[PDB]
Amino acid sequence: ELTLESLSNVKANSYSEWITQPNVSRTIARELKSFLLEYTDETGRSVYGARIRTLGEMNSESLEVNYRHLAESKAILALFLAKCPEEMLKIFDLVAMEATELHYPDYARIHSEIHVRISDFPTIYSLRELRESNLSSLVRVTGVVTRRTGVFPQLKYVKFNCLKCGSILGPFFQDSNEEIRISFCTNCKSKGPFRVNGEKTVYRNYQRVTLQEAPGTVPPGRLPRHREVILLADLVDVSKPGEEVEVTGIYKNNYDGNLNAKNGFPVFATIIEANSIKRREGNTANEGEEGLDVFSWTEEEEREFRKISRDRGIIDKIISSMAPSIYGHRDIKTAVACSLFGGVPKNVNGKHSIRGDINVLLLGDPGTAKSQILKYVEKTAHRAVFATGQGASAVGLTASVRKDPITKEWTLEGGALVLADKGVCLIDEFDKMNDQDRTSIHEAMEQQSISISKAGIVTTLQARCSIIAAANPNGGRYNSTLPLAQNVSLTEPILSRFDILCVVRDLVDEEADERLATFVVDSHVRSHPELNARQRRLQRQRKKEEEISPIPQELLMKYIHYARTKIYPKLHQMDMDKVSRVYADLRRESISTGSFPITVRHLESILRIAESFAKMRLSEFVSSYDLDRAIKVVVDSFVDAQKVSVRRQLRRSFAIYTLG
Amino acid sequence: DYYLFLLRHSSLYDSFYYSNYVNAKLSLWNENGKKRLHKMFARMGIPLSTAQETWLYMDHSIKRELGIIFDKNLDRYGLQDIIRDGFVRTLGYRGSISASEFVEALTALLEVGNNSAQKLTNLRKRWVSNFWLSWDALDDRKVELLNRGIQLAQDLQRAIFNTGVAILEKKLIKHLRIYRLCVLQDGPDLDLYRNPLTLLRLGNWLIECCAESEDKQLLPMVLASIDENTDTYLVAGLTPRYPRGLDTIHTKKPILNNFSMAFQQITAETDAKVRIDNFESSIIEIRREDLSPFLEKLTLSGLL
Ligand SMILES: Nc1ncnc2c1ncn2[C@@H]1O[C@H](COP(=O)(O)OP(=O)(O)OP(=O)(O)O)[C@@H](O)[C@H]1O
Ligand SMILES: [Zn+2]
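Entry numbering is not used for residues: they are numbered from 1 along each chain in the order the sequence is written, which may differ from it, and residues without coordinates are omitted. The order in which chains are written sets their letters, starting at A; the order in which ligands are written sets their numbers, starting at 1. Although these chains sit within a larger assembly, the values stated refer solely to the portion shown. Only hydrogens and water are removed before side-chain values are computed, so all heavy atoms of the structure are retained for them.

Going by the PDB entry, chain B carries the name Cell division control protein 45 and comes from Saccharomyces cerevisiae.

As annotated in the PDB entry, chain A is DNA replication licensing factor MCM2 from Saccharomyces cerevisiae.

Visitor: Which residues make up the overall build of chain B, and what values go with them?
Guide: What counts as a helix is a DSSP run of H or I of at least four residues, what counts as a strand is a run of E of at least two, and both are numbered from the N terminus. The number of helices and strands found in chain B is eleven helices and eight strands. The quantity called the radius of gyration is restricted to C-alpha atoms. Its globule counterpart is 2.2 Å times the number of residues to the power 0.38. The C-alpha radius of gyration computed for chain B amounts to 21 Å, which stays within 12% of the reference 19 Å derived for 304 residues, consistent with globular compactness. With the C-alpha coordinates aligned to their principal axes, the bounding extent of chain B is approximately 65 × 45 × 35 Å. Only protein chains enter the area calculation, which uses a 1.4 Å probe; residues under 20% of their type maximum are buried, those over 50% are exposed, and those in between are partly exposed. Within chain B, the fraction of its 304 residues that count as buried is 43%. Split by element, the accessible area of chain B, about 17000 Å² in all, is 52% carbon and sulfur. The positive charge centre, built from 39 side chains, and the negative charge centre, built from 38, are 1 Å apart in chain B. What sets the accessible areas is the Shrake-Rupley method with a 1.4 Å probe; for residues, cover comes only from the shown protein chains. Note that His is not counted, nor are the chain ends; the positive residues are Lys and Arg, and the negative ones are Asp and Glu. Charged groups are reduced to one reference atom each: NZ for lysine, CZ for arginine, CG for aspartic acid, CD for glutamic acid.

Visitor: Any details on the overall build of chain A? Residues and values, ideally.
Guide: For chain A, the count of helices and strands is 22 helices and 23 strands. Expressed along its principal axes, the backbone C-alpha trace of chain A runs to roughly 100 × 65 × 55 Å. By residue count, 42% of the 660 residues in chain A fall in the buried class. Summed over its atoms, the accessible surface of chain A is roughly 35700 Å², and 52% of this surface lies on carbon and sulfur atoms.

Visitor: Let's hear about the packing of aromatic side chains: which residues, and what values?
Guide: Ring geometry is summarised as follows: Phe, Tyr and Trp rings, the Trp one being its six-membered ring, pair when their centres sit within 6.5 Å, and such pairs are stacked at plane angles under 30 degrees, edge-to-face over 60 and tilted between the two. Inspection of every chain in the model, using the stated rule, returns 32 aromatic pairs over all chains. When the ring of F35 of chain A is compared with that of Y48 of chain A, the centres are 5.1 Å apart and the planes differ by 55 degrees; the resulting orientation is tilted. Here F35 of chain A, found in helix α2 (residues 24–38), pairs with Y48 of chain A, found in helix α3 (residues 47–57); they are 13 residues apart in sequence, far enough to count as distant. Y48 of chain A matches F35 of chain A in its accessibility class, with the two residues each being buried. Among the aromatic residues, those joined into a ring-pair cluster are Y2, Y13, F16, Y17, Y18, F41, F70, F161 and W205 of chain B.

Visitor: Give a description of the sheet that holds strand β8 (residues 283–287) of chain B that names residues and reports values.
Guide: With mixed pairing, the six strands of this open sheet are ordered in space as β3-β4-β5-β6-β8-β7 (chain B). Bordering the open sheet on either side are β3 (174–175) and β7 (274–275) of chain B, each of which pairs with just one other strand. Here the rule is simple: two strands pair whenever DSSP picks up at least two bridges between them.

Visitor: Before we move on, can you summarise the coordination of the zinc ion (ligand 2) with the specific residues and values?
Guide: All names here are of chain A. Any N, O or S atom lying within 2.8 Å of the metal counts as a donor, with the limit raised to 3.2 Å for Na, K and Ca; because water is left out of the atom set, some sites can appear incomplete. Ligation of the zinc ion (ligand 2) by protein atoms is provided by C162 (SG), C165 (SG), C185 (SG) and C188 (SG), these donors lying 2.3 to 2.5 Å from the ion. For the zinc ion (ligand 2), the four donor atoms in the first shell make angles of 102 to 116 degrees at the metal, a pattern classed as tetrahedral. Mapped onto the sequence, the residues coordinating the zinc ion (ligand 2) show the spacing C-x2-C-x19-C-x2-C. For the residue pair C185 and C188, the accessibility class agrees, reading buried in each case. When four donors show all angles between 85 and 135 degrees the site is tetrahedral, when four or six donors have opposite pairs over 155 degrees and all other angles between 65 and 115 it is square planar or octahedral respectively, and in every other case it is irregular.

Visitor: So what about the interface of chain A and chain B? Which residues, and what values?
Guide: The contact criterion used is simple: two residues touch if any of their non-hydrogen atoms lie within 4.5 Å. Contact residues are listed per partner, giving 18 residues for chain A and 20 residues for chain B. Buried area: the accessible surface (1.4 Å probe) lost by two parts on joining, summed over both. Buried surface at the junction of chain A and chain B, both sides included, amounts to about 1700 Å², of which 50% is carbon and sulfur. Contact with chain B buries area across many residues of chain A, yet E57, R109 and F621 of chain A alone supply 33% of it, more than any other trio. A pair is scored as a salt bridge if a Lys or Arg side-chain nitrogen falls within 4 Å of a carboxyl oxygen belonging to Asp or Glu. Where chain A meets chain B, there are four salt bridges.

Visitor: Break down the site of ligand 1 for me, with residues and values.
Guide: Residues and elements named next belong to chain A. In the vicinity of ligand 1, the contacting residues are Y327, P366, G367, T368, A369, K370, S371, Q372, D428 and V520. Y327 places a polar main-chain atom, nitrogen or oxygen, 3.4 Å from a nitrogen atom of ligand 1. Looking at the shell around ligand 1, the element that brings in the most residues is helix α11 (residues 370–380), giving three residues. Whether a residue is near a molecule or strand depends on its heavy atoms: if one lies within 4 Å, it is near. In the analysis that follows, any N or O atom pair within 3.5 Å is treated as a polar contact, provided that within protein one partner can donate a hydrogen and the other can accept it, and provided that, for residues neighboring in sequence, both atoms belong to side chains.

Visitor: Please set out helix α9 (residues 196–211) of chain B residue by residue, giving values where relevant.
Guide: Residue and element names in this part refer to chain B. Expected span, for any helix, means 1.5 Å times one less than how many residues it has. Given a rise of 1.5 Å per residue, 16 residues ought to cover 22 Å, and the 22 Å separating the end C-alpha atoms of α9 matches this to within 8%. The buried count for α9 comes to twelve of 16 residues, which makes it a mostly enclosed element. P196, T198, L199, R201, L202, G203, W205, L206, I207, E208, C209 and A211 are the residues of α9 that are buried. Between the side-chain oxygen at the start of α9 and the backbone nitrogen of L197 there is a gap of 3.1 Å, and the oxygen is on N195.

Visitor: Quick one: what's the story with unusual backbone geometry, residue by residue and with numbers?
Guide: Residue and element names in this part refer to chain A. Positive phi values are uncommon outside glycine, yet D237 reaches one of about 70 degrees. In this structure, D237 sits in the loop between β10 (226–231) and β11 (244–254). On the accessibility criterion, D237 (41% relative accessible area) is partly exposed. Phi at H329 takes a positive value of approximately 55 degrees, unusual for a residue other than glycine. Assignment of secondary structure puts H329 in the loop between α9 (314–320) and α10 (330–341).

Visitor: How would you summarise the nonpolar core if you had to cite specific residues and measurements?
Guide: All names here are of chain B. Grouped together as the largest cluster of nonpolar side chains are 63 residues, with contacts concentrated most on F16, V22, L37, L79, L202 and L223. Per-element accounting of this core gives the leading share, ten residues, to helix α8 (residues 144–169). What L202 contacts, discounting residues up to four positions off in sequence, is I160, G164, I167, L184, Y193 and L223. Put simply, a nonpolar core is a bunch of buried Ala, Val, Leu, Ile, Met, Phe, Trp, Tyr and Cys residues held in one set by side-chain atoms that sit within 4.5 Å of each other.

Visitor: Describe helix α21 (residues 624–639) of chain A, listing the residues and the values that go with them.
Guide: One turn of an α-helix holds 3.6 residues; hence residues three or four places apart share an orientation. Compared with an ideal rise of 1.5 Å per residue, which puts 16 residues at 22 Å, α21 of chain A spans 22 Å between its outermost C-alpha atoms and is within 8% of the ideal. Each element contacted by the buried residues of α21 of chain A is listed here: α9, β23 (500–504), α19 (576–591), α20 (603–616) and α22 (644–653) of chain A.

Visitor: I'd like to hear about the pattern of salt bridges, residue by residue, with values.
Guide: Residue and element names in this part refer to chain A. Within this structure, the stated rule accounts for 57 salt bridges over all chains. Residue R438 is joined to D435 by a salt bridge in which the shortest nitrogen-to-oxygen separation is 3.4 Å. With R438 and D435 both in helix α13 (residues 435–438), this residue pair falls three residues apart, about one helical turn. Two residues, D585 and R588, come together in a salt bridge whose shortest N-O distance is 2.4 Å. A residue pair is termed a helical-turn pair when its members lie 3 or 4 positions apart in one helix, as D585 and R588 do in helix α19 at three residues.

Visitor: Which residues make up the pairing of strand β12 (residues 269–279) of chain A, and what values go with them?
Guide: Residues and elements named next belong to chain A. With eight of eleven residues buried, β12 is to be regarded as a mostly interior element. Direction of pairing for β10 relative to β12: parallel, over a ladder of two bridges. Bridge pairing in β12 places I230 opposite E273. Bridge count for β11 against β12 is ten bridges, and the pairing is antiparallel. Within β12, the position partnered with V247 by the bridge is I277.

Visitor: Describe the pairing of strand β18 (residues 410–413) of chain A, listing the residues and the values that go with them.
Guide: Residues and elements named next belong to chain A. Pairing of strand β17 (residues 400–403) with β18 involves four bridges; the strand directions are antiparallel. If you follow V401 over to β18, its bridge partner there is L412. The hairpin formed by β17 and β18 contains six residues between the paired strands, and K408 there has a positive phi angle of roughly 55 degrees.

Visitor: Tell me what's going on with the side chain of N130 of chain B, and back it up with residues and numbers.
Guide: Residue and element names in this part refer to chain B. Within the secondary structure, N130 sits in helix α7 (residues 117–136). When its relative accessible area of 1% is taken as the criterion, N130 is described as buried. Those residues in contact with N130 that sit more than four places away from it in its chain are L109, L110, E111, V112, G113 and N114.

Visitor: Tell me what's going on with the sheet that holds strand β15 (residues 360–364) of chain A, and back it up with residues and numbers.
Guide: All names here are of chain A. The five strands are arranged β16-β19-β22-β15-β23 in an open sheet whose pairing can be described as parallel. Strand pairing shows two members of the sheet lacking a second neighbour, β16 (384–388) and β23, which therefore form its edges. When strand polarity is set aside, the average angle formed by the axes of neighbouring strands in this sheet is 15 degrees. Note: β16 against strand β19 (residues 423–428), five bridges, orientation parallel. Among the inter-strand pairings, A384 is bridged to a residue of β19, identified as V424. Of the strands in this sheet, β15, β22 (465–471) and β23 are in contact with α10, which crosses β23 at around 155 degrees. Every axis corresponds to a line fitted to the C-alpha atoms, with the helix fit spanning only the stretch in contact, and the corresponding angles, defined between N-to-C directions, vary from 0 to 180 degrees.

Visitor: For the domain arrangement of chain A, give the residues involved together with the corresponding values.
Guide: It is common to give the size of an interface as the accessible area that goes away when the parts come together. Residues and elements named next belong to chain A. Bear in mind that the domain bounds are from an automatic or database domain assignment. Here chain A is described as being made up of domain 1 (22–123), domain 2 (124–155 + 203–281), domain 3 (156–202) and domain 4 (294–657). Computed from C-alpha coordinates alone, the two centres of domain 2 and domain 3 are separated by 30 Å. In this assembly, ten residues from domain 2 lie in contact with twelve residues from domain 3. Considering only the surface of domain 2 that becomes buried against domain 3, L155, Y203 and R204 emerge as the three largest contributors, covering 59% of it. Where domain 2 packs against domain 3, one counts zero salt bridges. Put simply, domain 2 and domain 3 have one residue pair in polar contact between them. When residues of the side of domain 2 that touches domain 3 are traced back to their parent elements, those giving at least two are β4 (152–155), β9 (203–212), β11 and β12. Looking at the side of domain 2 that touches domain 3, the element that brings in the most residues is β9, giving three residues. Polar here means any residue outside two lists: the nonpolar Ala, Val, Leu, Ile, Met, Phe, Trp, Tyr, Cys and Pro, and the charged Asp, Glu, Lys and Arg; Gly therefore counts as polar. Of the residues assigned to the side of domain 2 that touches domain 3, the class counts are five nonpolar, two polar and three charged.

This is the structure:
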C-alpha cells in the first residue's frame, strides 16, 4: 500500500498511466472516500453527508463537490483531477456511489450510477484563448447558448455479432464522439460481418449545443468565436436557447476528413464534453458566492428561515432591506417587495383562470433613483429580463417566427417575456416607446399567455411574468395641480392593468436635502475600495452590510425563492363587507373627481397584496393584519395621485377604513 | 394486510398519505412529515415514480417483495404496527377486496349518495334514503355501486384531511380544564358536516392525532359545526383513546362516555332550545344563540 506522501512521486513519465496503475487506484479511492466522509467546515458539520441525505430524498442522480474543499485538503488529488479528468471521474463516481449506499441501502433499484458535478474551478478561460496545451484537461468556459439539437437515445454498451463464427463480442464503452471500430475476431480469426446485436442494450440521453462568445467578453468590433458542447444524461434540457451559461468540461480533439480536405493541412476538430452547468442570465452577484445555484437552500438554511419567519415585524425588516443604500421612498420599497413575493394564481372548476402577479409603475421626476431600484430588482430576482425604450420591438418582447437552418420548417423562438416566465421583466423609460411595441404586452399582462398565428403555426404560449415599469411625466416633471390623465400619455386600457402606481415628486426642503446629502456622502465613503485572509475578507464585507441591512442579501435571496416555491396561502376567513365598502367608495370617488381608472380589476389587487403579505410571513393563511395593510397600501396609492385641491378632503374621507 | 387507506384501489403513496395512523406517527400535515415520508420511500428502495402508480399496474417485482421491505424498514420510523392479518374475498376473474375497503365503501355510500323544521326533515329523509343505496351494495350483482362508493370514500377522506390541516395549523383547539373545545364557524364545505358520520370522521382524525402526541391527557373533546341554512350548531362529544400500540396493562372496559347525562342535566334545568333526538345520545342540535351560554354551564356541570 501507498500513502498520501507517496503519491507525490510519479513514474511512467505520464500522469494518466500513474493514476491508472492498480496500486495507485486503491489509495486514491480510499483517500477520496475519507474526504467524502470526514470533511467538516468551520461550524463542524459534515456537508457531503447532508448532500447525500438530500440526494436520496430528491431521487437525484448527481452529486456536487466543491473544488476548493478538495484543494484545501488533499491538494495532490486536486492537481490530479485538474490535469487528468477522465480517469479520476470514473473512480470518484464509484466511490460516490459507495458512500451513497451507506445512507440508502438498496438504492441501486432507483439509480444504478451516481454522477459527480465539479464546482468552482479556479481558472476561467474565454473561447478566444483556448490552445492545444489545454487538450485533455478540465476547463471552465463562459458563453451564450445559440442552438440545441434535441434529445436522442445513444448506445452505452455496444455489442457486435459475427455470423460465420456466430461470435458475440464483449460490451464496448462508446466514446460518445467516435464510432466504435472493431474488425478482429477472438474466435472467427478473420474479417466477418458485424451486427448491432438488436435489442438487449442500454441507452443514454444525448444532446448537442453550440456556445458563442458573450457580447460583453468580445472586444468591441471583433467577430465572435464558437464551440460545440456535448451534454449527456441528467444534463439535457438544462440550458435553453438564448440564455448565457458557464460550462465546466473536458477539451478534446478528433480527426475529421472534411477539415483536412478543405484547409489542406492535417488539422483536427475540437469539442467539449460538458461536466457542470451554471446559469448566469441576469446575475451580477457572480463576483462572489459558491456553488452551481445560489438560489438553492440546505436543511439548516430552511430551519433558519422558519426560525426568523416567526419574529414579529418580519415584514418591516424585509421592506427595510430592499435597496438599503437608497434613502427614503418607503412606498416604492413596499411595492417592490410585494411584486417580488407575488400572489397566488387560481383556477375555479377548470374553466375560469385568475392571474396572481402584481405589476408596478413608477412615475417620477428625474434624479430620484428609479433606475437603480430597477437594477436592484434585476439583481435580486431569480429570473429577470431588462429592456429600455426604443431598443425593444414587438417581437423582441414576444415570440418570433424563424426558418430553422437544419429542418427548414417555420419554428417559434423565444423573447423577453418568455425568457422571464415565472420571473420579472423590467422596462426602463416606458413612455419613450412606440405604441405598436407597447401594445404587444396587453395580452401578457392580464391573460398571462401569448398567441401566435403566422405561416401555418397556430399556437398559444405561456408567460407568467410580472412587470415593473419606470416612466417620465409630460414635460419631464409632474404638475401637482393637474389630474393624472393629463400628466401621462397612456390611456385607460394599459393603466388599468397596473396594480400599484408610485408618483415620485421632488420638492424643496432644507432638512430633507441635508439628510439626503449626508446619507449619500456616507454611502460614497463606505463604498470606497481602499486565520485565512479569504475569510477576513468575508468578515470585513459583512461588517459593512451590518449597518444598512437588517438581514444579509444572500440569505434574503434564498428566503424569497423558498417563499415563492413552497407557500400558497388562502383566504378562508376575512371581512367581505370592509372590502366591498372600500371598492364602492373608490369607484364613487373616481368619476366624481378623479382620473385614475377603477374597475373590478382593482378589487382583486387588494386580495393579491394580502396574499403577498401572508407569503412574507411564511404563513399558510391570510390574517386581518395583512388585509388591512393591503387596503391601506391601495388607499394611499390612490389618494396621493390627486390634485392638491381635493387631496385633503379625499384623505379625510378615506381615513376611517385605515384606523390602525 | 396493512393499516392503509384503500391500498388495492389507489397508489401506495396515497395509502401512506391519507392514513390516520401514519399521519399521527409522522405529522404529515406540515412539511416535515412529507419530507420524512419521502426519505422513508427513498430508503425502502421504491422509486417515487413507481410508488405513485395504480396497484394493478404497479411493478410485479416490487409487489412480490413488499412484505420483506415493510418488515426490515418500518421499525426505524415507528410504523411497525401497520402490519396485520385480515380477510380477502375474491369472485372469479374480477379482483380481490378486503373487509376494511368494503366497510369504508359502505360508510361513504351512507354519508353522501343519491321554516327550519322542513329543512331538517328533508335532510333526515335523504339520510333515510341513503340506507337503500348502502343496502344494494351488499349484493354481488351491483358492483358499480361499490366502485362509486370507493370513489366517494376517496373524495371524503381528502376533504377531511383538508379541513384537519386547517384546524391544526390555526390552533383552533382550545384547552379548557375539563374538556377541549373545537368550533368550526367559518371555512369552505361546512355542508358536509351536517351528517353525524362526517363529523365522527373528523373527530376520529383529531383524536388519533392527539393520542400519539407526547402530551399525556385523557380529556374528552367537543366538536361543533354550524349550518347557515338552519342557523343551528350540531355538537358532538368524543371520548379519548389510548395509543393503538400501547400495552394491555391499562386495557379494561374502555373510557366511558358521560356526555349524555351532562346534556340531560343541563337541558332539564334550563329552557335551552336544544334538540336531543338522535339515537346517539352524544350528538345534539343547539340553536346559534344558546351555544356560548350552554357551554359555560357545561364547564360547571362536571362528570367530564
Ligand atoms: N435617495 C436618492 N434619491 C435619488 N438618487 C439617489 C439617491 N441616493 C443615491 N442616488 C443617486 O442619484 C443618481 C440618480 O439616480 P438615477 O440615475 O437612477 O435617476 P433617474 O432619473 O431615476 O434615472 P433614469 O432616467 O435612468 O430612469 C444615481 O447615481 C443614484 O445612485
Ligand atoms: Zn467472426
